[PDB]
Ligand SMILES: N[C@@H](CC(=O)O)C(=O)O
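In the form deposited without the named molecule, a lone chain appears below as structure tokens.
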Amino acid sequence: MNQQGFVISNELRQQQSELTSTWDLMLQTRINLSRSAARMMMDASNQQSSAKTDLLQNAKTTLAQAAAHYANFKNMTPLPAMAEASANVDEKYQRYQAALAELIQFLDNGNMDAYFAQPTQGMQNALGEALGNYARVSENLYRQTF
């Protein structure tokens, strides 16, 4: 306030919002993937040999949304303290965006056998850490403005 500090401030909420809707969708997608893996049941009749009909629709769509939310935060500026914070969440986002995008080539193309090979879990816990680090440091810029 007294210029400076407001647009700087709204830009920090703007970033810690859609990093949050970047993440949330990446957790929704890892539900909606398993919703198919397990719904490839000893039923087989409801002839969707793997395929979309409802829950793979939802796990390519829910992901595409994550990937759009991230863009409005990474085409947005690292307020300089945010250098090794953003620069980590990108590397992270690029580990776990990919790990998901493979479970689709797996789950529309029947391939369970590879679907359970990769630590989808390790690639998420590690991003849960980076995410935390950007919050613990973003707050620390602001645990200076109050």
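Quick note: we count residues from 1 along the sequence shown, nothing fancier. Each form is matched to the other, and the largest set of C-alpha atoms that superpose within 1.5 Å is called the rigid core.
This next part talks about the form deposited with the named molecule bound, which is not shown.
Student: Closest heavy atom of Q118 to the named molecule in the deposited bound form, within 4.5 Å or not?
Tutor: Contact check for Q118: yes, within 4.5 Å of the named molecule in the deposited bound form.
Student: Would you please decide whether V89 lies within 4.5 angstroms of the named molecule in the deposited bound form, comparing each non-hydrogen atom pair?
Tutor: Contact check for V89: no, nothing within 4.5 Å of the named molecule in the deposited bound form.
Student: Would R39 count as a contact of the named molecule in the deposited bound form, using a 4.5 angstroms cut-off between non-hydrogen atoms?
Tutor: Heavy-atom contact with the named molecule at 4.5 Å: present for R39.
Student: Taking the named molecule as it sits in the deposited bound form, is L103 near enough to touch it, meaning that at least one heavy atom pair lies within 4.5 angstroms?
Tutor: Yes, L103 is a contact residue.
Student: Across 26-41, which residues bring a heavy atom to within 4.5 Å of the named molecule in the deposited bound form?
Tutor: The stretch 26-41, when checked against the named molecule in the deposited bound form, contributes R30, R35, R39 at the 4.5 Å heavy-atom cut-off.
Student: Among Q97, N88, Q48, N58, which is the residue that shifts its C-alpha 2 Å or more between the shown form and the other one, core superposed?
Tutor: That would be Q48.
Student: If the C-alpha spacing of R39 and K52 moves by 3 Å or more in the deposited bound form, is that a move closer or farther apart?
Tutor: The answer is closer, because the C-alphas of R39 and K52 approach each other in the deposited bound form by 3 Å or more.
Student: With a shift of at least 3 angstroms, figure out whether the C-alpha spacing between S50 and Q94 grows or shrinks in the deposited bound form: closer or farther?
Tutor: Farther is correct, given that in the deposited bound form the C-alpha spacing of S50 to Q94 is increased by at least 3 Å.
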